[PDB]
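Working notes, beginning with the structure itself.
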Amino acid sequence: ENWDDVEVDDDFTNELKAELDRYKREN
Amino acid sequence: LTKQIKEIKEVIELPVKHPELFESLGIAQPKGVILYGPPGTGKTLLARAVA
Amino acid sequence: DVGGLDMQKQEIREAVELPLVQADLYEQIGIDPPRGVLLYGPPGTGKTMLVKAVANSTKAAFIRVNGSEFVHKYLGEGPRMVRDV
Amino acid sequence: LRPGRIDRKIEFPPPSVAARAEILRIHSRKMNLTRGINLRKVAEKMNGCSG
Amino acid sequence: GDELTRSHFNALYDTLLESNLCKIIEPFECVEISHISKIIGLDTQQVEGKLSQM
Amino acid sequence: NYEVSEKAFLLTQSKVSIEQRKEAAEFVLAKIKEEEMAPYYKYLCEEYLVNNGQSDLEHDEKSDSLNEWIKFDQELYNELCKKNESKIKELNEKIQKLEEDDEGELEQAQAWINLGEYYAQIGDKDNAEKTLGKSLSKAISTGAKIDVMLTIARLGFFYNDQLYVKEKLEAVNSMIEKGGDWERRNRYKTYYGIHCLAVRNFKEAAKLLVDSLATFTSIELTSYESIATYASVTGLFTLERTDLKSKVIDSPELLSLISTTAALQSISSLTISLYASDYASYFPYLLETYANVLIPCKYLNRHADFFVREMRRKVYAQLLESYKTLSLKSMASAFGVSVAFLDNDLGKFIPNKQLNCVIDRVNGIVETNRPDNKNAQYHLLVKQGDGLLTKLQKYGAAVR
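Residue numbers (the authors' numbering), protein chains in the order written: chain A, 62 to 88; chain B, 153 to 203; chain C, 173 to 257; chain D, 305 to 355; chain E, 327 to 380; chain F, 23 to 422.
Here it is, written out as structure tokens:
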């Protein structure tokens, strides 16, 4: 549980789906 | 061989573990037991399972 | 130098040359390799050059002791010569 | 054959197709194998094979 | 002309190409990527894809 | 019972695919009603305590499931007890006659074999553990004690016990001689691989669930498609690219599953994208697999993003060795990655010394540091060296 389970993650949830926005528009 | 196991169990194995059965019935324990069949029998493991 | 025994020599290499190379094949598959090997048949047909061909292809330690040489003129020497092999 | 010595004589039948079914899953497997093969199909391929 | 052996030459296309790079890297490191593509005579994106593969 | 506990925990947390909430709610009220287990219908209230998206409607109206009533009642309880109390009267009647007779060790052991499965199907946990103590003394051969290991494993999968179940698993598999017996080694590649998922192993689990025989069908416990799903979980950590193209991609065991069920998108989409080292097609397969695989499974969603962090750092390490200096805008327009999200991805690793990378923001370029150095290897021996000397000094002074 070193540097993993203690702070969990709390990221890459709604920001992962938001990446496809700039991919399907600017391109 | 389970069908043949129950036969040797109530004949060979049974009075050995319970000597008071035939003594209360007034009979005597059989002496020998012999089997016969086609060659290549698996009866070697049957005699080993009794002891 | 000896043909026609490829069917017989194939089973010899599995029980002799195979366990001397990879010993984990019998542990993973779970088959006990035969320790002793007896060769039957009428005298003067097989054996002979077969053991020499297997010993030459293996290139390892080989011990050939005649069956009639175990007995020695001394009494207690018999069991000691068998152990030293 | 006279009584007083051997009181029980059991006949050993040859292994049948259904008899070799439990043998193929016990005697024939001493090791780790795959269960994808059919136990009753292999027993039918063996003709006259005893234990 | 044999469809059986034809599948082997298709594998040798990428096999010998990775082996072709072994003859280009003979002067060790410090070689140009554009200089490699001129020797093999292929596209830059095709060569760079096979360089990072090995 | 079937699957032990899966459908009960499918309704715990579901981010997407609301249609699976209806199917999971209909299965938990079906199998339990069809089976003989009385109490396992009551535990539905205790399992969802302190959780988001609870499927139990009592004091909380926020349940988003279509079937909101899992709560225990006396209508189903009275129906299950009538079948449980009727069969135990017949079992205890026939077995009691065999105890007084005492003919052979088979009838004494087989009597408790049917009970060990019966007390598990009527909902008795601790009562079924006492049945193994009587069958242990009645054991005949080594195979008789193996059935005791199954009862410990079956009853241990409900609460996921990693202590007594995992310890007694290797004790029965070893005993005096291990051997290649199919009743031990095959179950060692399955039961032991399950406990490795809860302790976050990913190393020893990849040497069993990945490379193994082609069946391992446990029926009521696990299926073939369930075990084959975890093959891509632990196979992407310890196994390098050399073993990914042999025991994963070109392995014939996973080739038949791709052509059968294509909805997994794990052993196929993730393995092809990782083997090609193409981030363009690797991104869309991360969200599809995380939703339909990691989340529903009980031994996965417990990791979830913890397992996602390991997959992302794998592709960043492969591309790191493919170039020395590259512009940030060049890679952004190549693999189709945003510039804003690029700084957040590399910010969770580099400061943790997971990957060595150098980025120059003046020219907008990324560099490559030395992946392996002699001093970096000796730094790991400092904690391992002082970690041993701590136990030798502390425990040495305790006993004196």
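For each residue, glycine too, the CB sits at the ideal point set by N, CA and C.
Contact between the segment 254–271 of chain F and the segment 216–233 of chain F: three or more CB pairs below 8 angstroms?
As far as the Cβ criterion goes, the segment 254–271 of chain F touches the segment 216–233 of chain F, which means the pair count is three or higher.
Use the C-beta contact count for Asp78 of chain F: other C-beta atoms within 10 angstroms, 16 or more gives buried, fewer gives exposed.
Against the sixth sequence, residue 78 of chain F aligns to sequence position 56. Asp78 of chain F counts as buried, since at least 16 other C-beta atoms from the protein chains shown sit within 10 angstroms of its C-beta.
Once you ignore the five residues that flank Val321 of chain D on each side, which residues in its own chain have a CB closer than 6 angstroms to its CB?
The sequence position of residue 321 of chain D within the fourth sequence is 17, counting from 1. The beta carbon of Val321 of chain D sits closer than 6 angstroms to those of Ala347, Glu348, all from its chain and outside the five residues before and after it, given in chain order.
Proximity below 8 angstroms, CB of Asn89 of chain F to CB of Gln35 of chain F:
Here residue 89 of chain F refers to the residue found at position 67 of the sixth sequence. Here residue 35 of chain F refers to the residue found at position 13 of the sixth sequence. For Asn89 of chain F and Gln35 of chain F, no; Cβs fall outside 8 angstroms.
Any beta-carbon of chain F closer than 8 angstroms to the one on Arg333 of chain D?
The sequence position of residue 333 of chain D within the fourth sequence is 29, counting from 1. Put simply, the CB of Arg333 of chain D is near chain F, with a gap under 8 angstroms to one of its CB atoms.
Based on the DSSP secondary-structure assignment, which residues constitute the bridge partners of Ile387 of chain F?
Start at 1 with the first residue of the sixth sequence, and residue 387 of chain F comes out as number 365. F:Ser349, F:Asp382, per the DSSP bridge assignment.
Please check the pair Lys183 of chain B and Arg309 of chain D, which I expect to be a contact at CB under 8 angstroms, by giving their CB distance rounded to whole angstroms.
Looking up residue 183 of chain B in the second sequence gives position 31. Looking up residue 309 of chain D in the fourth sequence gives position 5. Contact flag correct, Cβ pair sits at about 6 angstroms.
If we ignore side chains and look at the alpha-carbon of each, how far apart do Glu205 of chain F and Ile168 of chain F end up?
Stepping through the sixth sequence from its first residue, residue 205 of chain F is reached at position 183. Stepping through the sixth sequence from its first residue, residue 168 of chain F is reached at position 146. In a straight line, the C-alpha of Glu205 of chain F is about 7 angstroms away from that of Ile168 of chain F.
Please decide whether residue 307 of chain E counts as near chain F, where near means a Cβ-Cβ distance under 8 angstroms.
The question about residue 307 of chain E has no answer, for chain E in this structure spans 327 to 380.
First through last residue of the alpha helix (DSSP H) which encompasses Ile117 of chain F:
Position 95 of the sixth sequence holds residue 117 of chain F. In the DSSP assignment, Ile117 of chain F falls within the alpha helix (DSSP H) that extends over 96–123.
For the beta strand (DSSP E) that contains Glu315 of chain D, what are its first and last residues?
As a working mapping, residue 315 of chain D is identified with position 11 in the fourth sequence. Here the beta strand (DSSP E) through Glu315 of chain D covers 310–315.
Residues, ordered as in the chain, of the segment 317–346 of chain F that lie near chain E by beta-carbon distance below 7 angstroms:
Identification of residues in the segment 317–346 of chain F having a C-beta nearer than 7 angstroms to some C-beta of chain E yields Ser344, given in sequence order.
Contacts of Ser354 of chain D in chain B (Cβ-Cβ under 8 angstroms):
For the purposes of this step, residue 354 of chain D is identified with residue 50 of the fourth sequence, where counting begins at 1. The answer, in chain order, is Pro190, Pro191, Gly192, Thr193, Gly194.
Using DSSP with H/G/I as helix, E/B as strand and the rest coil, what is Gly165 of chain F?
Stepping through the sixth sequence from its first residue, residue 165 of chain F is reached at position 143. Here DSSP, grouped into helix, strand and coil, assigns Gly165 of chain F to helix.
List the DSSP bridge partners of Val185 of chain B.
Against the second sequence, residue 185 of chain B aligns to sequence position 33. In DSSP, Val185 of chain B forms a bridge with D:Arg312.
Reduced DSSP secondary structure (H/G/I, E/B, other) of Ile144 of chain F:
As a first step, residue 144 of chain F must be located in the sixth sequence, where it is residue number 122. Looking at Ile144 of chain F - three-state DSSP - the assignment turns out to be coil, as it is neither helix nor strand.
Can you check which of these residues, C:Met253, C:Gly213, C:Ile184, C:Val226, is closest to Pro206 of chain C by C-alpha distance?
On the third sequence, position 34 is the one that residue 206 of chain C refers to. Of C:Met253, C:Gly213, C:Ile184, C:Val226, the residue nearest in Cα terms is C:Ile184.
CB contact check: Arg86 of chain A to chain F, cutoff 8 angstroms:
Counted from its first residue, the first sequence places residue 86 of chain A at position 25. Not an interface residue.
Taking 7 angstroms as the limit between beta carbons, can you name the residues of its chain near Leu191 of chain F, skipping five residues before and five after?
What you label residue 191 of chain F is simply residue 169 of the sixth sequence in a count that begins at 1. Same-chain partners within the cutoff: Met171, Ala175, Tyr213, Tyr214.
Taking all protein chains shown into account, decide if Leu153 of chain B is buried (16 or more other Cβ within 10 angstroms of its Cβ) or exposed.
Here residue 153 of chain B refers to the residue found at position 1 when the second sequence is read from its first residue. Per the 10 Å Cβ criterion, buried.
Assuming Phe316 of chain D and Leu187 of chain B make a contact with CB atoms under 8 angstroms, what is their CB distance in whole Å?
Working through the fourth sequence from its first residue, we reach residue 316 of chain D at position 12. Working through the second sequence from its first residue, we reach residue 187 of chain B at position 35. Distance from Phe316 of chain D to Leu187 of chain B at the Cβ level is roughly 5 angstroms; contact confirmed, criterion being Cβ atoms closer than 8 angstroms.
Reducing DSSP to helix, strand and coil, say where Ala201 of chain B ends up.
Working through the second sequence from its first residue, we reach residue 201 of chain B at position 49. Reduced to three states, the DSSP call for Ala201 of chain B is helix.
Going by other Cβ atoms of all chains shown within 10 Å of its Cβ, with 16 needed for buried, is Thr74 of chain A buried or exposed?
As a working note, residue 74 of chain A is residue 13 in the first sequence. So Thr74 of chain A ends up on the exposed side.
Buried or exposed by the 16-neighbour rule on C-beta atoms within 10 Å, applied to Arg86 of chain A:
Position 25 of the first sequence, counted from the first residue, corresponds to residue 86 of chain A. It counts as exposed.
Counted within 10 angstroms of its Cβ, other Cβ atoms place residue 424 of chain F as buried (16 or more) or exposed:
The structure shown does not extend to residue 424 of chain F, since chain F spans only 23 to 422, so no value can be given for it.
Please classify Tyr312 of chain F: does DSSP put it in a helix, a strand, or coil?
For the purposes of this step, residue 312 of chain F is taken as the residue at position 290 of the sixth sequence. Residue state, collapsed to three classes: helix.
For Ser299 of chain F, would you say it is in contact with chain E, using Cβ-to-Cβ distances shorter than 8 angstroms as the test?
Here residue 299 of chain F is taken as the residue at index 277 of the sixth sequence, counted from 1. Any Cβ of chain E closer than 8 angstroms to the Cβ of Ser299 of chain F would place that residue at the interface, and such an atom is present.
Under 8 angstroms, do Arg312 of chain D and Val185 of chain B count as touching if we go by C-beta distance?
Position 8 of the fourth sequence holds residue 312 of chain D. Position 33 of the second sequence holds residue 185 of chain B. Cβ distance < 8 angstroms, so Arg312 of chain D and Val185 of chain B count as in contact.
Please classify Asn336 of chain D: is it buried, with 16 or more other beta-carbons within 10 angstroms of its beta-carbon, or exposed?
Walking along the fourth sequence from the start, residue 336 of chain D turns up at place 32. Flag for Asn336 of chain D reads buried.
Taking CB distances under 8 angstroms as the criterion, tell me whether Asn208 of chain F reaches chain D.
By one-based count along the sixth sequence, residue 208 of chain F stands at place 186. Cβ-Cβ to chain D under 8 angstroms: yes for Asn208 of chain F.
Touching or not, the segment 337–354 of chain F and the segment 298–311 of chain F, by the rule of three or more beta carbon pairs under 8 angstroms?
Touching, per the Cβ criterion.
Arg306 of chain D, DSSP secondary structure in three states
Along the fourth sequence, read from residue 1 onward, the residue named residue 306 of chain D stands at position 2. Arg306 of chain D falls in the coil class under three-state DSSP.
So which residues on chain C does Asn336 of chain D lean against when the C-beta distance must stay under 7 angstroms?
Sequence index remark: in the fourth sequence, residue 336 of chain D carries index 32 (1-based). Using a Cβ-Cβ cut-off of 7 angstroms, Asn336 of chain D is close to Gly202 of chain C, given in chain order.
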